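Number of protein chains: 2
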Amino acid sequence: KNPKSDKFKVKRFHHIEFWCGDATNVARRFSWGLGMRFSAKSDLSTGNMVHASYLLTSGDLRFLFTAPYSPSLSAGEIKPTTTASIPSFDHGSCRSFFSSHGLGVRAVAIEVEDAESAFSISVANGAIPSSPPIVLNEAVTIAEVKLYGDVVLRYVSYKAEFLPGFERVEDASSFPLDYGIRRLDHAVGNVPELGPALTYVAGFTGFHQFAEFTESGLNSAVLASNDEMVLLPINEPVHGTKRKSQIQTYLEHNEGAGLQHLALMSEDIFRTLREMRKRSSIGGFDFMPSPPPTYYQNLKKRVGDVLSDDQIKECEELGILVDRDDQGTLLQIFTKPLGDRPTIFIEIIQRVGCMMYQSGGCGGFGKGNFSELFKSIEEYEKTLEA
Amino acid sequence: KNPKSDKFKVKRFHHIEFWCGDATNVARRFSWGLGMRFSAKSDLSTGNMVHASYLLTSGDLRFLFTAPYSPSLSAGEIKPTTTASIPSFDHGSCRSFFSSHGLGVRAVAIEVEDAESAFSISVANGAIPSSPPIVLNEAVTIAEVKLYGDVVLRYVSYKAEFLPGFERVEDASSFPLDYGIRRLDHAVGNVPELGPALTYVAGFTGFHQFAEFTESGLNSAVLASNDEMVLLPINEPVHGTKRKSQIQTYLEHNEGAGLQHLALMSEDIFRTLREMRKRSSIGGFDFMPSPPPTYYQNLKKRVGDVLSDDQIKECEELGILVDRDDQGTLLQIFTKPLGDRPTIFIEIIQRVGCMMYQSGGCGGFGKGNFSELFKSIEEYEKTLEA
Ligand SMILES: CC(=O)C1=C(O)C=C2Oc3c(C(C)=O)c(O)c(C)c(O)c3[C@@]2(C)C1=O
Ligand SMILES: CC(=O)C1=C(O)C=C2Oc3c(C(C)=O)c(O)c(C)c(O)c3[C@@]2(C)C1=O
Ligand SMILES: [Co+2]
Ligand SMILES: [Co+2]
Numbered sequence: 001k002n003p004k005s006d007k008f009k010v011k012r013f014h015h016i017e018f019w020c021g022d023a024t025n026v027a028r029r030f031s032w033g034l035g036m037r038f039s040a041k042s043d044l045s046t047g048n049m050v051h052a053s054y055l056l057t058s059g060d061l062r063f064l065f066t067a068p069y070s071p072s073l074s075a076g077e078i079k080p081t082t083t084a085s086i087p088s089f090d091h092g093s094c095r096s097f098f099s100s101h102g103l104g105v106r107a108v109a110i111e112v113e114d115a116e117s118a119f120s121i122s123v124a125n126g127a128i129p130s131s132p133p134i135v136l137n138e139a140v141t142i143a144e145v146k147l148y149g150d151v152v153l154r155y156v157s158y159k160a161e162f163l164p165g166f167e168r169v170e171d172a173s174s175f176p177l178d179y180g181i182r183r184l185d186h187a188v189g190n191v192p193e194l195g196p197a198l199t200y201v202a203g204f205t206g207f208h209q210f211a212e213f214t215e216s217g218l219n220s221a222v223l224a225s226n227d228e229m230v231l232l233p234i235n236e237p238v239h240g241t242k243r244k245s246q247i248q249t250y251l252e253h254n255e256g257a258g259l260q261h262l263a264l265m266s267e268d269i270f271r272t273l274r275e276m277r278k279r280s281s282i283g284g285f286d287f288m289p290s291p292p293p294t295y296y297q298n299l300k301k302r303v304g305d306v307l308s309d310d311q312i313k314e315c316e317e318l319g320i321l322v323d324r325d326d327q328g329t330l331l332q333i334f335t336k337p338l339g340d341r342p343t344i345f346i347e348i349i350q351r352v353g354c355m356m357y358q359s360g361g362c363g364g365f366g367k368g369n370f371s372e373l374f375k376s377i378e379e380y381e382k383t384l385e386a
Numbered sequence: 387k388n389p390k391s392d393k394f395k396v397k398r399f400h401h402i403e404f405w406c407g408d409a410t411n412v413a414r415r416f417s418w419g420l421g422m423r424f425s426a427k428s429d430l431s432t433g434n435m436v437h438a439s440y441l442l443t444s445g446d447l448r449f450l451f452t453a454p455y456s457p458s459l460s461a462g463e464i465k466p467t468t469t470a471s472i473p474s475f476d477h478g479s480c481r482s483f484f485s486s487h488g489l490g491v492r493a494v495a496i497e498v499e500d501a502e503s504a505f506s507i508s509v510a511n512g513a514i515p516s517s518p519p520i521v522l523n524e525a526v527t528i529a530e531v532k533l534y535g536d537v538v539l540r541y542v543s544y545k546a547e548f549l550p551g552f553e554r555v556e557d558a559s560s561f562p563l564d565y566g567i568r569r570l571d572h573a574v575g576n577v578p579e580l581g582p583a584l585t586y587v588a589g590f591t592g593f594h595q596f597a598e599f600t601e602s603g604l605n606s607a608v609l610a611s612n613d614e615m616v617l618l619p620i621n622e623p624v625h626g627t628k629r630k631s632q633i634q635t636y637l638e639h640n641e642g643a644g645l646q647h648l649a650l651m652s653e654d655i656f657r658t659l660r661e662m663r664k665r666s667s668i669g670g671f672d673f674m675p676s677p678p679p680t681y682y683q684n685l686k687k688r689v690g691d692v693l694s695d696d697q698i699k700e701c702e703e704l705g706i707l708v709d710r711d712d713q714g715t716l717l718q719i720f721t722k723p724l725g726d727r728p729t730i731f732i733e734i735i736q737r738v739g740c741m742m743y744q745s746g747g748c749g750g751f752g753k754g755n756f757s758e759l760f761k762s763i764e765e766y767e768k769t770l771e772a
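In order, the protein sequence lines correspond to chains W and A. Each residue of the first sequence is one higher than the one before, starting from 1 at the first, in this note's numbering. Each residue of the second sequence is one higher than the one before, starting from 387 at the first, in this note's numbering.
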């Protein structure tokens, strides 16, 4: 059931901002590995003496990569005179975030009708303020509240081209890469305590519970906006298992709560994964180990109604996982961690079904692949021995 | 003249170590952009709880990329019990270096006959110690002294595979990229005062002056080992010119002295530059703007004895610069800065002549291209107007 209790008008995911040590190298790596175009910049060449910010896009997906310059460049500036294009930016907060967590997501940004009212309403309803509403060039309003750990939920609203102060990138340096990724489907946080985290976030957004889950080492629940196009799962560790909780491992290496994974919807997951896997060992992203043949043998029985034998064979070539709800079918695969620490990673997704446009969350988040993978693995060792 | 006054036995450049925020993303970017293989690692997967270090190689060139993990992972360790594979590493020094300078070279490493004696002799002769000699696995000795700014000269010596504690990389993740780069030719520092810097470095190494230079905005001089295979140019700004000194701009954005550029010798600079330029806008490195056609028209007159018209045309397609000594010919080109700040960049080089093996420094460092580029530029505006 959907109570449509959003406390303000939320539209869609707008962008994800990574806080980096060197935004140039991370952005160029991500661009090649994921097939995202360099679309805009704000840096020394645009008059920004405070931070370097580079924007990559693929369809509606926007990845922002930001790093600080030497504070000495802007020592005579004050906030009213700043050259920063993102006025919430702070040298000290960025260096401390990166020193503490390594490469990771600082901001999950959603587009709202009015960022000033979204901020006021959120804070009125328990949100911890992070950056007050600031109007950029009389055109865009941005505001930030704490989401979990040092991750902020960023509100952006447009009177009506990413942000004022950003410039479109010289087309020679903007190669039209595209591997099929089109938008952000969901963004997942890891926290030490799910209950309080859910209460806090649902408390100030009015987002409703979309789904929930739980021998796995985690509990999770999904918060969703009114039309369920903004999906925010949150995980907590479950202690006392044979294997150490993967969520606990995250918290230890991340020094606490933070963003765990970004799920990127592809319009053609076969082509996305072919293109990404071709580049894994030449600067791109690695993928988790593939399921055994027994997993794909059991897929025929599970989704032979949705996917032909040839489409299943292509899933097996690419390592793709498949889960199915009572409403839709889900194709998914996970990258290895994006950087040095075993913390943040990316998920590639495509959903089948729930046509009306496709409704958000169609097919769930893969809750059935725990059971299937474990059963798959038991049955594969059996064939190997036998 | 060469006095061969080295105070200890120096062999060749061994490796360059970058200090990073995320070594994974910088290494993968450099690998694709420069055509370097992933050759070894020391990280969590090898038992190193302190730092992540990834080694790229192309021929004899070795680029090491190192970043710190959370100190919490190694909080129970002490130096005698450390899991760090590079015992000079310090979380605090690395974060402070990166916070102050951004992405850049921490260590210029040279192979010597005996790193312990090289360290003792250097310190006896005025070198500022940075890390005392440490024997790794009874096989490799490493020691460090200050070179300039926060850059160290690292001595490595082998009894007799990069360093103990490093593991060869899984061949699936080691794609055999190769664009023709084969070794490090020279490494150039920027300092505020050339005289004292030269005195200090020549004082503890016994390296001799190989070359010197100087309206350019800089003074430079080159220190060289006995056989002149280790070449260490150093630049200082010259203040009071129409344009601000490029060296001064470096010092301001780098927060002081540091490594300015690495010159990488190619065995086929045409193929290296074709391969690198193909990748500039898809995750690789950008190049400085090419000289005008007038520069290449005047090359026929200057090196038509060394390069055919077709070889000159290929230089013009690729933006390659050409200088010539009384002893050899030099082909060279410069990248844009490697990261966010207008600080460190790379030079690709190939030398022609001085055969005996080829003697180091063959053809100089491009001192004639100041005059030629300026004259080239004046003559090109002339054709445009006319
Ligand atoms: C929110 C999200 O994005 C998620 C994700 O992408 C991958 C899924 O795998 C699991 C698993 C297992 C056995 O792997 C589990 O035990 C629980 C309790 C769980 O909740 C999930 C999933 C469905 C999930 O939540
Ligand atoms: C040491 C090194 O590697 C160097 C480099 O790679 C590029 C060269 O260009 C110049 C220039 C000009 C006009 O560009 C100059 O005025 C001076 C005094 C100079 O000393 C050099 C060079 C030769 C140099 O030193
Ligand atoms: Co997911
Ligand atoms: Co040079």
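All residues carry an ideal CB built from backbone N, CA and C; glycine is no exception.
Under DSSP, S130 (chain W) forms no beta bridge with any residue.
Contact with chain A is found for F30 (chain W), since one of that chain's Cβ atoms lies less than 9 Å from the residue's Cβ. A straight-line Cα-Cα distance of about 9 Å links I633 (chain A) and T729 (chain A). Not a single heavy atom of ligand 1 lies less than 8 Å from the C-beta of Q327 (chain W). DSSP places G581 (chain A) in the uninterrupted alpha helix (DSSP H) bounded by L580 to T591. In the DSSP assignment, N684 (chain A) falls outside any beta strand (DSSP E) and lies within the alpha helix (DSSP H) extending over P679 to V689.
Put simply, the backbone Cα of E700 (chain A) is about 38 Å away from that of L584 (chain A). Inclusion of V152 (chain W) and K159 (chain W) in the CB contact set at 9 Å is not warranted, their separation being larger than that value.
Assignment of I472 (chain A) by DSSP, reduced to helix, strand and coil, places it in the coil class.
Closest option to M288 (chain W), judged by alpha-carbon separation, among W:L338, W:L163 and W:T81: W:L338. Within the segment 11-26 of chain W, the residues whose Cβ lies closer than 9 Å to some Cβ of chain A are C20, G21, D22, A23, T24, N25 and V26, listed in chain order. Excluding sequence positions up to five before and after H477 (chain A), its CB lies within less than 6 Å of the CB of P454 and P457, all in the same chain and listed in chain order. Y743 (chain A) sits exposed, since fewer than 16 C-beta atoms from the chains shown fall within 10 Å of its C-beta. In summary, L384 (chain W) is exposed, with fewer than 16 beta-carbon neighbours lying within 10 Å of its beta-carbon over all protein chains present.
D672 (chain A) reaches chain W at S173, counting residues in chain order whose Cβ is nearer than 8 Å. For the segment 35-111 of chain W, the continuous alpha helix (DSSP H) assignments of 4+ residues that do not extend past its boundaries occur at 91-101, in sequence order. In the three-state reduction of the DSSP assignment, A115 (chain W) falls in the helix class, which pools H, G and I. Taking one beta carbon from each stretch, the segment 271-290 of chain W and the segment 351-368 of chain W have fewer than 3 pairs nearer than 8 Å; the two do not touch.
Under a 10 Å Cβ-count criterion, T715 (chain A) is classified as buried, with 16 or more other Cβ atoms of the shown protein chains found around its own Cβ. The C-alpha of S606 (chain A) lies about 26 Å from the C-alpha of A504 (chain A). By a beta-carbon distance limit of 8 Å, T469 (chain A) contacts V436 (chain A). Their separation comes to about 6 Å. A check of alpha carbon separations from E641 (chain A) across A:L489, A:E767, A:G746 and A:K761 identifies A:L489 as the nearest. Listed as beta-bridge partners of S220 (chain W) by DSSP are W:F213 and W:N235. Of all residues in the segment 617-642 of chain A, those with a C-beta nearer than 9 Å to a C-beta of chain W are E638, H639, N640 and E641, reading in chain order. Exclusion of the five residues before and after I706 (chain A) leaves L717 and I719 as the residues of its chain whose Cβ lies within less than 6 Å of its Cβ. At the C-beta level, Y148 (chain W) and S122 (chain W) stay beyond 9 Å of one another. Distances taken from the Cβ of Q595 (chain A) to the heavy atoms of ligand 2 include none shorter than 8 Å. Under the 9 Å criterion on CB atoms, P342 (chain W) is classed as interfacial with respect to chain A.
Taking 8 Å as the upper bound for CB-CB distance, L447 (chain A) and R568 (chain A) are in contact here, some 7 Å apart. Along the segment 95-125 of chain W, going in chain order, the ones with a CB nearer than 9 Å to a CB of chain A are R95, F98, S99, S100, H101, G102 and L103. When DSSP reads this structure, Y357 (chain W) sits in no beta bridge, so it has no partner. Between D429 (chain A) and chain W, the shortest Cβ-Cβ separation is below 9 Å. Using a CB distance below 9 Å, no part of the segment 148-159 of chain W faces chain A. As computed with DSSP, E347 (chain W) is found in a beta bridge with W:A263 and W:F334. For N190 (chain W), the enclosing beta strand (DSSP E) begins and ends at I181 to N190. For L563 (chain A), the chain W residues whose C-beta falls within less than 7 Å of its own C-beta are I282, listed in chain order.
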